[PDB]
Amino acid sequence: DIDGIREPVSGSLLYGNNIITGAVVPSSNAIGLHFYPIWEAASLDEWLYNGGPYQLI
Amino acid sequence: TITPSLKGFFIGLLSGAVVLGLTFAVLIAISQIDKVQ
Amino acid sequence: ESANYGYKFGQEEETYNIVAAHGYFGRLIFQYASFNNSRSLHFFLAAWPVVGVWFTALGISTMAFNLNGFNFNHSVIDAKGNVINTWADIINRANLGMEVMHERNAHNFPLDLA
Amino acid sequence: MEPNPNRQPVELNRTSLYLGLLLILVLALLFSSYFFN
Amino acid sequence: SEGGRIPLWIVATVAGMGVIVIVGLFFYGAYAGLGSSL
Amino acid sequence: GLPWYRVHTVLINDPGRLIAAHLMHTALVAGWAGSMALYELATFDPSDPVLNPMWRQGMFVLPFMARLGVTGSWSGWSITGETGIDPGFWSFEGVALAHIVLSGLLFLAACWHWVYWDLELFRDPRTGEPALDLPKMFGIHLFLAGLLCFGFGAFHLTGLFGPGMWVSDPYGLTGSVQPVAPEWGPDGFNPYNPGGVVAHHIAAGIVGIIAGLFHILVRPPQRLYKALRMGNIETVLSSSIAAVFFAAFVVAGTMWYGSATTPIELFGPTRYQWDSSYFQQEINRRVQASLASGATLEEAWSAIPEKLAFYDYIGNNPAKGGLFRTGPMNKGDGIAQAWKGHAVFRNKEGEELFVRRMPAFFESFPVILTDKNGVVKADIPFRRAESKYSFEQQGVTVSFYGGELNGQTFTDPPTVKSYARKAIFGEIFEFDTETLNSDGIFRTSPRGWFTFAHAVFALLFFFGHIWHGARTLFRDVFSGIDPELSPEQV
Amino acid sequence: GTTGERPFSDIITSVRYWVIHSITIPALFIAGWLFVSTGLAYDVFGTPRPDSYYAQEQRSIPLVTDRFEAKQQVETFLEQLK
Amino acid sequence: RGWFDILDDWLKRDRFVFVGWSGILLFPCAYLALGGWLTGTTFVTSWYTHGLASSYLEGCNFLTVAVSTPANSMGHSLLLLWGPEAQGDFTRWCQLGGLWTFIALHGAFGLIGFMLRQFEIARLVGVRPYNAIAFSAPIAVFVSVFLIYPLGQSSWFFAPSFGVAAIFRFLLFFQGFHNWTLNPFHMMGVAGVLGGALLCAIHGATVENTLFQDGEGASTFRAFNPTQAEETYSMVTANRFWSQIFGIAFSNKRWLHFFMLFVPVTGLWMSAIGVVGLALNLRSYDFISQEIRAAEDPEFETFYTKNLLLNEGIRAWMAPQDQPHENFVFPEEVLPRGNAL
Amino acid sequence: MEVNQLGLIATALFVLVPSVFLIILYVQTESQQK
Amino acid sequence: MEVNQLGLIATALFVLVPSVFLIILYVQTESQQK
Amino acid sequence: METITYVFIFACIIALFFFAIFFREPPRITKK
Amino acid sequence: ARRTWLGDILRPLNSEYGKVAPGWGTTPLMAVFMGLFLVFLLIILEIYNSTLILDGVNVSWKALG
Amino acid sequence: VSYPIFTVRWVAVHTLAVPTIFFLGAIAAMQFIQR
Ligand code: CLA
Ligand code: CLA
Ligand SMILES: C=Cc1c(C)c2cc3nc(c4c5[nH]c(cc6nc(cc1[nH]2)C(C)=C6CC)c(C)c5C(=O)[C@@H]4C(=O)OC)[C@@H](CCC(=O)OC/C=C(\C)CCC[C@@H](C)CCC[C@H](C)CCCC(C)C)[C@@H]3C
Ligand SMILES: CC1=C(/C=C/C(C)=C/C=C/C(C)=C/C=C/C=C(C)/C=C/C=C(C)/C=C/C2=C(C)CCCC2(C)C)C(C)(C)CCC1
Ligand SMILES: CC1=C(/C=C/C(C)=C/C=C/C(C)=C/C=C/C=C(C)/C=C/C=C(C)/C=C/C2=C(C)CCCC2(C)C)C(C)(C)CCC1
Ligand SMILES: CCNc1nc(NC(C)(C)C)nc(SC)n1
Ligand SMILES: [Ca+2]
Ligand SMILES: [Cl-]
Ligand SMILES: [Fe+2]
């Protein structure tokens, strides 16, 4: 949910993308500039939904 | 026969040769005015 | 035979005639507009892109605080006040299309301040 | 028959193999998306 | 009348200011001309 | 030893194996032709020349065979759509058959010329070493070409001793193979006049025969033989390529803009016909004529031949499509089945509205309806919040004349809009999307592909010319340079 | 390192040079200036004057719409101006 | 010997600005092209052509000025000063955008002449012509983009107009209409130009910081032997550096330099082919598998679908004043727009 | 998903064929005596 | 017809792969000096 | 099927990387 | 070498190898057709481009039968 | 040395030098046009 409006943008191969379209999506806008380390989420499921991987990367 | 655009073609075909002319004229001339060896 | 073999890793002298190089290039344009100093050549070779990209990076870092590009929208106007378009305006339309369509559902208000 | 005297041997060094493959593979990573379209 | 007489460094700083002047006239023209917006 | 990209230099002066090579290539190009044919014959559907002609089926080779006469199949059918015709031996099957054999023979020939590479004919009596007198060769070959060029125009295109060529009216409705009489007048230089294709080959053929002889007799002025490093085959190449890519940039232009050589009934419409509403005007012209002779709107439009209406559909515009949108035009919008009919839109007041058509440039375009004076009267809104022209608020309706939907009218907004949404592409048709499992995304016609392919190859060949040419004028400095330090001081 | 031409450096310094160009340069300048300031340029290039894009009322553009009768069409566009 | 060899003699004479046979073609054109631009940029307008002010005389600045293309009515007409259009008249020619085909066609020959020059000068000086091979790349770009492209479209009107801003719209257009950024060939293009500007920078620095000391000064520039001899920088040290920081490193200056010719020339060649295809509109616009899933399933969203919507907006909001000859009228209600904006 | 059927084989042969080419050479080079 | 989608690629790689194998060897054998 | 093809090529490029860095032809000086 | 029937019969056609004409041979005569061809192309080009119109020659799908 | 004046270099230099100043003059004048 890149834009923080609960409208998930899937950007990975296994979820319908190809090399050209696929991408790692930016952290949520709900998050803004806040630090979002994995240990800041109730779960990974929550972390992958708010674009946690983006920051770690 | 010889329509307006046909006349223009000549005008450009003639105005073209002239340019090639004066150019090779001037050139061939100045060329033959120095080159000693 | 591959023209490449004509070079051995760990050579003492040079593998090309930098004087013949300069000789040709100096004649293409004109002598003083050509390098003969390999060191000055290579400095330029590095200086140019690095300096240019430095500015491009400062551009994105600068437009990160909303100091954007030149805005010549409706600059040239005629004797009555009518707006005479320039290519700068045709560019604005293409920009509006992008503005007006990006992030469909994310905006709730008039001005895009974010 | 006479052993034709116009032949030379052919060569491809290891580095060229690598440079080659790097090109083939990435082109493939670049065009596969459009092949599957 | 040849052979350098007018000192180069002066030919430059003079031809130089001379350009900052014309190129500067252009920049002024940007807030007044037709390229204005007013 | 040799870098991979030079392995073929092993022939630069082995006339024997050079011919062995060139023989194998011809074999493959001939072979390809034969089998590309069979592939089309195994998949081309002759069931309908009106709405499903070769150019809708991604046929590429089949058209070039009709342009010169071959228009039938041993199985009975024929390109024009006739029956009972007897193509004889020269049917598409025949042509395909022929090439496959010519290929097998050129193969065997390539083998023989490879093993017997050292024939004396390639050794110069004087130097006793391999050599080919290019200048005389060129003269000979050029003689044969013009001799053949001549014959082609003289006997084939004229019908004297041959079929003729494809000729059609101004709106690809009548096309066929017909004998064409020469044309030396001025209008014979008009790309769209068949007579010019005949005259050309007869004249150019002769000029070609003369010029050949010249070159078979007169020798090359020393000055030139030196300048153009003749007697160095790798220069014959640099020049040929320059010619080959010139030929290419030209065929690409005549395919895209159209000419008596790339007829629409064989390669498809032009992007330019759609641009200038070419066929739209021919239809109207006809419809208004029928109304003059006191016919009804139904009768007028019903008179309009399906084939004609079909050319007035943006889905046959070669300018629509994509680079990786593969296949025939049918994998796109589907196999055309029938013309639904002319759609006339009107609004509550009876006023007749008009659908703004889709310019080739646009992948997607909006539905806007205006009257004769171009005033926007109705449209399909994005943000309904403040729509003033919704089909609903305007009572827009649609009526059809001639075709499947002839005589019918539709008034429920959705259905009206559906058709309005279609009007955008020109004449509305009925497609069979099942069969080919179409996706509904426009693909380009053979006219389009041939054009793309040749424009690229040409532009690519330019580079070859510049490369080989350079490599001919600088053979000496190849491998590197050497000594002195002269530069500035003549 | 040399050719026939007289080393720019020498020329850009020769009082003769300036004696010539102090006249020539401003000459060319004042000429072009007048080219614009006399309105001549506008006619040499058919370029509209601030008061010649549209007719008083019209807000439409004088778009040339057909090649061959273009020049003719352009002339008529000048007709509405005034 | 004879007038020809005397004509030659003169031309191939080593002056300040080498003329040569080639010059007979280069200079006439090259100057006319540059001249016509500089002329239009300041004097000719694009009103009768695009309904646009395009010269200093009208108020445009160095960014907004330009020599705009001819009307769409002209089609692909060569628009000769004395042709059916202008009819010998000069001012009309100017107003019908005759100056475009002028700059275009002239500059075109000028690029031929120039490459020939390289070829001619190379030969004289006795060096290999790899400077000419290289320059094929820029020719291809100019040829495919300023000629082949519009030759495939409706007319010269859709070719890039000569000017700074007037080129940016050419860019925006291609995104919006051809979705050019998604094209395999444009990508290769950039990989080459971007990758070429890397070799440039990287090689330069590798040399300047891998130099031997041949002087006692800090400003090591003077310490260079214009007259060959030893390598001025440690090719052996450079090899070890990169071999330890990047893992891979050159070790054959002959190859390292050929590579530098290849990368950016190949890149531009590819970017050309992509455009030669955009001429026929045979673009790389969409991915069918993506569109099909987006149709049936409303919750599927990729950065790709997102982009396509940006294109729709570009096309809808630009088309009107960008294609005047189409007398487009798009009611406010038909204009695609997100919420609020 | 809804991809092209030939995409797989087009990509496979696009990688294999030329790679197999290079490899044939490199190995035949590599094994040349001296 | 109604065949297997992978049949084509299964047959292609089944022929290519091992053929490419043999060929790599034969050529590297063939080019061994003396 | 597509995913597999994309990952495979990627996996192949990384393999190449390895061999290129660690199995290059040692770069020899002078003698050659 | 290896002579052959066909080989001998064709032996003449390929033998005058380096044989060149002296000086500027036919060059000038050639430089004229060359210039003629150049003008010929410009014409047919300009005709296709409708820059050179000629009543009688109508460069469209029309003028067809 | 005894350098000449009118040379090939001179011609070129002026073909660009002369027009330029003429334009810089033209443009400098435009800065005052208005409405
Ligand atoms: C030379 C021109 C040429 C042209 C114009 C055509 C045109 C056409 N063919 Mg044909 N064909 C050709 C040669 C040609 N073919 C050859 C040599 C073969 C033998 C393999 C075939 C075999 C063939 C078959 C089997 C079929 C066709 C079909 C068709 C139609 C296909 C529509 C399509 O999907 O295109 C698609 C166009 C492309 C995918 C081109 C994209 C090329 C890109 C992806 C790669 C370029 C390579 C590389 C990556 C570049 C990198 C370089 C590096 C230095 C950077 C079309 C009219 C079809 C048909 O008849 O349908 C009804 C059909 O079934 N063709
Ligand atoms: C039209 C005829 C033609 C002919 C007879 C040649 C012949 C030759 N070229 Mg040349 N070339 C041509 C056109 C032609 N070229 C064009 C149009 C270009 C511009 C792209 C080039 C660019 C070019 C370069 C840059 C070089 C040559 C070189 C050579 C020599 C290479 C020796 C070799 O082992 O090849 C080796 C070929 C291969 C190992 C395989 C290439 C595999 C890929 C790229 C393509 C596979 C294509 C496919 C099977 C079918 C293509 C069909 C075609 C119509 C598109 C050879 C004498 C080389 C040279 O001068 O060496 C001294 C060299 O460096 N050429
Ligand atoms: C768009 C950016 C770009 C520009 C402006 C540019 C410019 C130039 N490159 C040259 C050379 C080169 N460029 C090369 C590789 C490359 N060049 C690249 C990109 C560029 N190269 C790239 C990406 C590559 C990698 C392949 C090489 C290998 C060379 C050379 O050897 C050559 C050189 O000598 O280096 C300095 C110079 C050739 C001079 C000439 O031929 O005059 C003759 C033609 C003239 C004078 C005018 C006619 C040209 C017409 C078409 C232009 C009209 C343009 C208007 C006047 C202005 C337009 C306004 C714009 C805003 C659109 C020239 C200054
Ligand atoms: C071309 C060129 C160049 C150029 C340059 C220039 C152009 C310069 C200029 C300069 C200048 C132009 C300068 C100036 C300076 C100044 C100063 C340093 C000043 C000071 C001042 C003061 C201190 C003041 C004061 C005052 C007053 C006046 C008034 C009252 C008050 C007061 C007191 C405040 C160069 C060399 C680079 C190089 C080569 C080329
Ligand atoms: C021996 C013999 C025989 C037989 C024969 C045969 C049977 C043959 C065949 C043949 C064949 C069967 C052939 C084929 C060929 C083919 C070809 C030649 C192909 C080609 C291809 C290509 C070239 C491709 C490419 C491409 C691609 C893939 C993609 C992109 C684009 C392009 C196009 C580039 C007989 C009985 C007569 C007798 C005598 C002997
Ligand atoms: C040594 C050859 N001369 C030479 N000169 C120049 N001059 C410019 C201005 C392009 C940097 N460049 C090069 S290539 C970096 N070479
Ligand atoms: Ca006023
Ligand atoms: Cl969103
Ligand atoms: Fe270097």
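Throughout, read-outs are computed from the coordinates displayed, never taken from laboratory work. Methodologically, a virtual Cβ is constructed for each residue, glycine included, from the backbone with ideal geometry; neighbour enumeration extends over all protein chains shown.
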Quiz item: Across the stretch F:450-485, what is the number of residues that are more than 8 Å from every other protein chain (Cβ to nearest Cβ) and away from ligand 2 (no atom under 15 Å from the Cβ)?
Solution: 3
Quiz prompt | Some residue of the stretch F:90-105 being away from ligand 1 (no atom under 16 Å from the Cβ), of a type in the set (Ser, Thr, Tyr) and surrounded by fewer than 18 Cβ atoms within 10 Å (Cβ to Cβ) | solution = no
Practice problem: Of the conditions (1) under 30 Å from residue L:40 (Cα atoms); (2) in contact with a strand residue (DSSP E or B) (Cβ under 9 Å, 6 or more places away or on another chain); (3) among the aliphatic types (A, V, I, L, M), residue F:142 clears all except one; give me its number. | Solution: (2)
Quiz item: So residue F:184 fits all but one of (1) surrounded by fewer than 17 Cβ atoms within 10 Å (Cβ to Cβ); (2) within 11 Å of another protein chain (Cβ to nearest Cβ); (3) more than 16 Å from ligand 2 (Cβ to nearest atom); what number is the exception?
Solution: (2)
Quiz item: Hey, any hits in the stretch H:175-197 for a residue that's crowded, with 18+ Cβ neighbours inside 10 Å, at the interface with another protein chain (Cβ under 7 Å from one of its Cβ atoms), in contact (Cβ under 8 Å) with a residue 12 or more places away in the chain and within 15 Å of the chain's Cα centre (by Cα)?
Solution: no
Practice problem: Considering each residue of the stretch H:261-284, count those that are closer than 20 Å to residue F:362 by Cα and in contact with a helix residue (DSSP H, G or I) (Cβ under 7 Å, 6 or more places away or on another chain), and give that number. | Solution: 10
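Any residue in the stretch H:145-155 that is within 13 Å of chain C (Cβ to nearest Cβ), under 30 Å from residue H:33 (Cβ atoms) and not in a loop (DSSP other than H, G, I, E, B)? First the steps, then the outcome.
Step one: list which residues in the stretch H:145-155 are within 13 Å of chain C (Cβ to nearest Cβ), which gives none.
Taking every residue of the stretch H:145-155 in turn, none turns out to be within 13 Å of chain C (Cβ to nearest Cβ), under 30 Å from residue H:33 (Cβ atoms) and not in a loop (DSSP other than H, G, I, E, B).
So which of G:76, G:38 ends up being of a type in the set (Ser, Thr, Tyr), surrounded by fewer than 17 Cβ atoms within 10 Å (Cβ to Cβ), away from chain M (no Cβ under 14 Å) and over 18 Å from residue H:53 (Cα atoms)? Reasoning before the result, please.
Numbers: G:38 fails: away from chain M (no Cβ under 14 Å).
Among G:76, G:38, only G:76 is of a type in the set (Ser, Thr, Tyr), surrounded by fewer than 17 Cβ atoms within 10 Å (Cβ to Cβ), away from chain M (no Cβ under 14 Å) and over 18 Å from residue H:53 (Cα atoms).
Grab the helices (runs of 4 or more DSSP H) fully contained in the stretch H:1-51, keeping just those with 3 or more residues being surrounded by fewer than 21 Cβ atoms within 10 Å (Cβ to Cβ) and either at the interface with another protein chain (Cβ under 8 Å from one of its Cβ atoms) or among the β-branched types (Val, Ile, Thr) (or both). Give the derivation first.
Working: elements: H:3-11, H:20-42, H:47-50.
Answer list for the stretch H:1-51: H:3-11, H:20-42.
Filtering the stretch H:265-303 down to residues that are hydroxyl-bearing (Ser, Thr, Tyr) and in contact (Cβ under 8 Å) with a residue 60 or more places away in the chain, which residue is nearest to ligand 8 (Cβ to nearest atom)? Outline the logic, then answer.
We begin by selecting, within the stretch H:265-303, every residue hydroxyl-bearing (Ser, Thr, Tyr); these are H:266, H:271, H:284-285, H:289, H:302.
Narrowing further to those that are in contact (Cβ under 8 Å) with a residue 60 or more places away in the chain: H:266, H:271, H:284-285.
Working: H:266: 39, H:271: 32, H:284: 25, H:285: 22 Å.
Here the answer is H:285.
With the condition kept exactly as written, say whether any residue in the stretch F:321-343 is away from chain D (no Cβ under 14 Å), under 25 Å from residue F:371 (Cα atoms) and β-branched (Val, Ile, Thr). Full working, then the answer.
Pass one, the stretch F:321-343, residues away from chain D (no Cβ under 14 Å): F:328-330, F:333-343.
Pick out the ones that are also under 25 Å from residue F:371 (Cα atoms) and you get F:339-343.
Pick out the ones that are also β-branched (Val, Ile, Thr) and you get none.
No.
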Self-check item: Every residue from the stretch I:1-26 that is in contact with a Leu (Cβ under 8 Å, 6 or more places away or on another chain) and either within 25 Å of residue J:32 (Cβ to Cβ) or among the small types (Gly, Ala, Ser) (or both)
Solution: I:12, I:19, I:20, I:22, I:23, I:25, I:26
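Among C:95, C:105, C:68, C:73, which is the only one that is away from ligand 6 (no atom under 16 Å from the Cβ) and closer than 30 Å to residue G:57 by Cβ? Show your work before the answer.
Working: C:95 fails: closer than 30 Å to residue G:57 by Cβ; C:105 fails: closer than 30 Å to residue G:57 by Cβ; C:68 fails: closer than 30 Å to residue G:57 by Cβ.
None of the others qualify; the one that does is C:73.
Kindly indicate which of C:99, C:103 is part of a helix (DSSP H, G or I), away from ligand 7 (no atom under 16 Å from the Cβ), buried (at least 16 other Cβ atoms within 10 Å of the Cβ) and not β-branched (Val, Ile, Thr).
On the way: C:103 fails: part of a helix (DSSP H, G or I).
Only one candidate qualifies: C:99.
Specify which of the listed residues (H:140, H:86, H:132) is surrounded by 21 or more Cβ atoms within 10 Å (Cβ to Cβ) and outside any helix (DSSP H, G or I).
Details: H:140 fails: outside any helix (DSSP H, G or I); H:132 fails: outside any helix (DSSP H, G or I).
Result: H:86 is the single residue among H:140, H:86, H:132 that is surrounded by 21 or more Cβ atoms within 10 Å (Cβ to Cβ) and outside any helix (DSSP H, G or I).
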Quiz item: Quick one: how many residues across the stretch F:438-488 are under 30 Å from residue F:254 (Cβ atoms) and of a type in the set (S, T, N, Q)?
Solution: 3
Exercise. Only residues in the stretch F:215-230 that are of a type in the set (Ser, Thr, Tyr) count as the first member; pair them with residues that are surrounded by 15 or more Cβ atoms within 10 Å (Cβ to Cβ), Cβ under 7 angstrom, at least 6 apart or cross-chain, and list the lot.
Key: F:225/F:231; F:225/L:20
Exercise. Read through the list (1) assigned to a loop (DSSP other than H, G, I, E, B); (2) away from chain H (no Cβ under 14 Å); (3) free of Cβ contacts under 8 Å to residues at least 12 places away in the same chain, then give the number of the only condition that residue F:406 fails.
Key: (3)
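State whether one or more residues within the stretch F:40-50 are within 14 Å of chain D (Cβ to nearest Cβ) and either aliphatic (A, V, I, L, M) or more than 16 Å from ligand 3 (Cβ to nearest atom) (or both).
Step one: of the stretch F:40-50, the residues within 14 Å of chain D (Cβ to nearest Cβ) are none.
No, there is no match, as no residue in the stretch F:40-50 is within 14 Å of chain D (Cβ to nearest Cβ) and either aliphatic (A, V, I, L, M) or more than 16 Å from ligand 3 (Cβ to nearest atom) (or both).
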Exercise. Among the candidates C:83, C:53, C:76, single out the residue that is facing chain H (nearest Cβ under 8 Å), surrounded by fewer than 17 Cβ atoms within 10 Å (Cβ to Cβ) and away from ligand 5 (no atom under 16 Å from the Cβ).
Key: C:53
Quiz item: Any idea which residue in the stretch L:24-65 is surrounded by the fewest Cβ atoms within 10 Å (Cβ to Cβ), counting only those that are under 17 Å from residue B:11 (Cβ atoms) and at the interface with chain F (Cβ under 7 Å from one of its Cβ atoms)?
Solution: L:54
Quiz item: Before we move on, is residue F:469 within 16 Å of ligand 5 (Cβ to nearest atom) and under 30 Å from residue H:135 (Cα atoms)?
Solution: no
Quiz item: Does residue A:38 satisfy the condition of being crowded, with 18+ Cβ neighbours inside 10 Å and either more than 14 Å from chain H (Cβ to nearest Cβ) or more than 16 Å from ligand 9 (Cβ to nearest atom) (or both)?
Solution: no
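Does residue C:50 qualify as being within 16 Å of ligand 8 (Cβ to nearest atom) and outside any loop (DSSP other than H, G, I, E, B)? Give the steps one after another, and end with the answer.
Numbers: within 16 Å of ligand 8 (Cβ to nearest atom): no; outside any loop (DSSP other than H, G, I, E, B): yes.
In short, no.
Of all residues in the stretch H:231-263, which are outside any helix (DSSP H, G or I) and within 14 Å of chain K (Cβ to nearest Cβ)? Write out each step before concluding.
Keep residues of the stretch H:231-263 that are outside any helix (DSSP H, G or I), which gives H:231-234, H:246-252.
Once the filter is applied, which keeps residues that are outside any helix (DSSP H, G or I) and within 14 Å of chain K (Cβ to nearest Cβ), the stretch H:231-263 yields H:231, H:234, H:246, H:247, H:248, H:249, H:250, H:251, H:252.
Do you know which residues across the stretch A:1-16 are part of a loop (DSSP other than H, G, I, E, B) and touching a helix residue (DSSP H, G or I) at 6+ places or on another chain (Cβ under 8 Å)?
Narrowing the stretch A:1-16 to residues part of a loop (DSSP other than H, G, I, E, B): A:1-12, A:16.
Scanning the stretch A:1-16 gives A:1, A:8, A:9, A:11, A:16.
Out of the residues in the stretch F:23-78 meeting the condition of being of a type in the set (S, T, N, Q) and in contact (Cβ under 8 Å) with a residue 40 or more places away in the chain, tell me which one is nearest to ligand 1 (Cβ to nearest atom).
We begin by selecting, within the stretch F:23-78, every residue of a type in the set (S, T, N, Q); these are F:26, F:35, F:43, F:47, F:52, F:57, F:71, F:73, F:75, F:78.
Okay, now just the ones that are also in contact (Cβ under 8 Å) with a residue 40 or more places away in the chain, so F:26, F:35, F:52, F:57, F:71.
Working: F:26: 15, F:35: 8, F:52: 12, F:57: 5, F:71: 19 Å.
Only one residue tops the list, namely F:57.
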Exercise. Would you mention how many residues in the stretch H:226-253 are touching a strand residue (DSSP E or B) at 6+ places or on another chain (Cβ under 7 Å) and loosely packed, with under 13 Cβ neighbours inside 10 Å?
Key: 2
